[PDB]
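A, B, C, D, E, F and G label the chains in the order they appear, each numbered from 1.
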Amino acid sequence: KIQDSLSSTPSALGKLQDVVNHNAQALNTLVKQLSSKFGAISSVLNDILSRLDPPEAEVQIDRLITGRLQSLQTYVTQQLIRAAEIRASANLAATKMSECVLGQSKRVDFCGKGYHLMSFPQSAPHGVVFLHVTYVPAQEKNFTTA
Amino acid sequence: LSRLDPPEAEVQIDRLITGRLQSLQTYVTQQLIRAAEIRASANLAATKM
Amino acid sequence: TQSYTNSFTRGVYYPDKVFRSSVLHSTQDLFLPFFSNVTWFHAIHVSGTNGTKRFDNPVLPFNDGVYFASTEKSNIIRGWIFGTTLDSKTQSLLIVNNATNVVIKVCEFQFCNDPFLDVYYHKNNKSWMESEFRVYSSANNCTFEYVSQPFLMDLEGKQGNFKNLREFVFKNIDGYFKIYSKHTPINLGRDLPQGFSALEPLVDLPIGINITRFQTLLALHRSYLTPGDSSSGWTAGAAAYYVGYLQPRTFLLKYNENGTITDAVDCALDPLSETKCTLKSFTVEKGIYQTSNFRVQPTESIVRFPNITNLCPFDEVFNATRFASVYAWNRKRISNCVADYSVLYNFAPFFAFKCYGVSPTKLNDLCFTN
Amino acid sequence: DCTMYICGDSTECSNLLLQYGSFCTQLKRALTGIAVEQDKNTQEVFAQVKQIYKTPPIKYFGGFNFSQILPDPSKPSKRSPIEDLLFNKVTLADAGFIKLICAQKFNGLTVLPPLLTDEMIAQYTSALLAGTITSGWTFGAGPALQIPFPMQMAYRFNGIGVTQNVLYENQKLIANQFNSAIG
Amino acid sequence: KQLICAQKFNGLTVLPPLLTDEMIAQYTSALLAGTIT
Amino acid sequence: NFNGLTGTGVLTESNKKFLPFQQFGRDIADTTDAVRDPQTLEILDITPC
Amino acid sequence: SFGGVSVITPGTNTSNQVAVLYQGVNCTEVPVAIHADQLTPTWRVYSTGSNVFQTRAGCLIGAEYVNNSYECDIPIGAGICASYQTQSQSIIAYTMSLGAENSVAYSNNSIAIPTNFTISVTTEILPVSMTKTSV
């Protein structure tokens, strides 16, 4: 049923898709930031040099330089935090693969809902997928005890 | 606005917008780290529960 | 015969001369707002033996550009008149057409009472009507002309049911006149067919002036298709003469893969539409979105100044017989008066006037203590 | 809000601010992501029960006194006295509410209210407590399984290397010690 | 590679990972064989 | 040294279909990609280095 | 007076109706009695149109309150949500439901012992790395 469930529901792999979507959006925004005047005469260097003489044309384009530097700083500033959270997730995945797969786990609700039996890992783009095999009681019957 | 003409008012007003943007960026920059700390604490609490 | 109808998806043009394809692009320019009323102004003057006074050339405000739409055969309506007073003491515009020419000029045109009409007004028997002229009464002091290729041309339609609606939008800003036009065919049965169409630039002209009215020069020498009724108050009729008004809105056009605009969306009509504009996409998924903010606009302005009667004596300081030495400069006090800073230019022909802390232009809007 | 905080509703200031590009579409997204994450955290920590349980009206657990942690019906809000003390010992500045320095935020700074009301969290905690005192730890595998509390305590002793006869031989003493410790 | 991806010629490139998918697959197969046998 | 372009690239030719009175080719990120021919009325194709 | 405005809408591929939430504003004032040529947004056709409900997180315009208990789809705040379904279809704003009510039975001389088991296989997805880059 794992194959059919994965093929039916498309939102199961929502954790892996965001990883590439956020990076694509960040790169797109970084590229799009270039077409900004940044409070100057124009957003293109060739025209601003061809339209003005050196002494104040040099002054005018400094705004473009500082704006582009400020735009570039934020990208790496956010990338550092994203890399940190990805490292935390990777460490958690490594611990899971070293505990649940290479043995049996007694921790409650760590390697699956219920009692743990085994685990088989699978490989996914920019991630890893586990298949926990668990044990669950089914039919109940009360008694009298001393 | 009411004391300087636009040709130099634009020059004077540009020295406040940059400062306010730089002051606003730091707030979200620090909140992005406090949020990570809180998320780590929440994960620890969920595991403990 | 005046009636109001709703314009669904008309009044859009190419924002610029630049090619662009298979993307979504956002522009801010004067456009025709979606879902707005368009007025129908109709002419009723036919027959020679019997007839009634026409009065069929209303004056339109022309509030910073208009959108024109009319359905005719080839030449029923010709020319467009601008100006502000349209008299001998004021300048008026004479953008008119010709057989294979266009005449455009601005002058002190005095009188334009009634175009030359033969009173016959019957094309059902004889359809010979040409050279009505009476474009103007006289020209006083003017030389500018724009004899060039005519703006409008006729389209041939056979087998019937091919009528072309003529969309003319005019831009009168920054002292220049811009006209965007396109011919929309297949006007078979719908007066304002649903769909989408695009206009194209034609020419620019440096006119300027403070044009504040519009006048129509419909040719009433030989008229046809003239229903008559007393319809008023947002009704339906038939005028074949549409006029619209342009507002400064923002749209998000959808360029196709061939560079032709297919769909356009308003960003200030519907909160769903505004959300679409914010997300820069034509499909929005279920959820909650934070779009913008709302503020209450002001009503009026109030000015509260102290009441002082006497004038300030700037003449006693500038127009003085003797000035003291530099080492013993004398300080004078000006108080309890109303000061006019636009008069000190006349006392002397100085031009240094280097002013440090406050711009000399707006010295009259600040109140001091001494 | 960038426009109101940076510019005092001035058209010229907004026009010059629009020249900086997308330096506020990003600042209007990080805070929304943070708010979504904080809404998800409290659901990930507390919402671990499929259904909501309720303790039986008769409360006798072999001498163990749980009146200091079970919900109190007398109060308008179903909160245990320990929860009441914890709520009283912490004072929030503004919360969400509806509308001396919180009114000085006409400059575009606001606070959104949390999704989950405190009563819902209290109900979640009450359900967890009922499940963990009635059905032992078996309710974490599947559905709740009945077991008397003294036998559950004996089994917990057996799980740490102490023979289960110790509790049954010293039930009253352990109950009194627990009552004194929790009091 | 030789529209947005080819458009990023301003200096924003993407480096390839050191481990190709065919080696992660070998790791996974080895783990599965070890944990089954 | 065009009429307002001053580009630099390995421009060869445009095979795309262009509207008759359009000169500037543009892409998703708003970069020049086409140039009119002042003599042959042909669309060129800006391509970077 | 000013405040945030939010749009609660279902998927545009399904319906075409929306609702407006005014964040943190007591809507006994102007927001219920809006007037033309007085508010910043160009659209004022909604006005009140009845179906106005007061929430502790703001005022909701365009959604009719119904008192039921469902697992809510679109969060709003303060224990209130919204969803596009039946009461002809419209947008409703009910109160969030935590779960189905259940009561356990406890006794000091009874115990429940299972007699059958069930083997199940679940899944777990974890990111490991992100795409590299250089500038």
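What we mean here is this: contacts are C-beta pairs under 8 Å (C-beta built on N, C-alpha and C of every residue); 3 or more make two chains touch, one makes a residue touch a chain.
Counting C-beta pairs in contact across D-G and across A-B gives the higher total for D-G. Rounded to a whole number, the gap between the C-alpha centres of chain A and chain F is 38 angstrom. Distance from the chain A centre to the chain D centre is 28 Å, each centre being the mean of its Cα atoms.
Here the CA centre of chain C is 34 Å from the CA centre of chain F. Residues of chain D in contact with at least two other chains: 1, 4, 16, 20, 23, 145-146, 148, 151. Going by the touch rule set out above, the chain pairs that meet are A-B, A-D, A-E, A-F, A-G, B-C, B-D, C-D, C-F, C-G, D-G, E-F, E-G. If you check the complex, the residues on chain A that touch chain F are 31-32, 34-35, 46-47, 50.
Chain contact summary for the complex, chain F toward chain E: residues 27-29, 31, 48.
Residues of chain B touching chain D in their complex: 1, 6, 9-10, 13-14, 17, 20-21, 24-25, 28, 31-32, 35, 38-39, 42, 45-46, 49. Listed in rising order, the residues of chain A touching chain E in the complex are 27-28, 30-31, 34, 101-102, 118, 120-123. Those residues of chain C that touch chain F in the shared complex are 17-20, 23, 200-201, 258-260.
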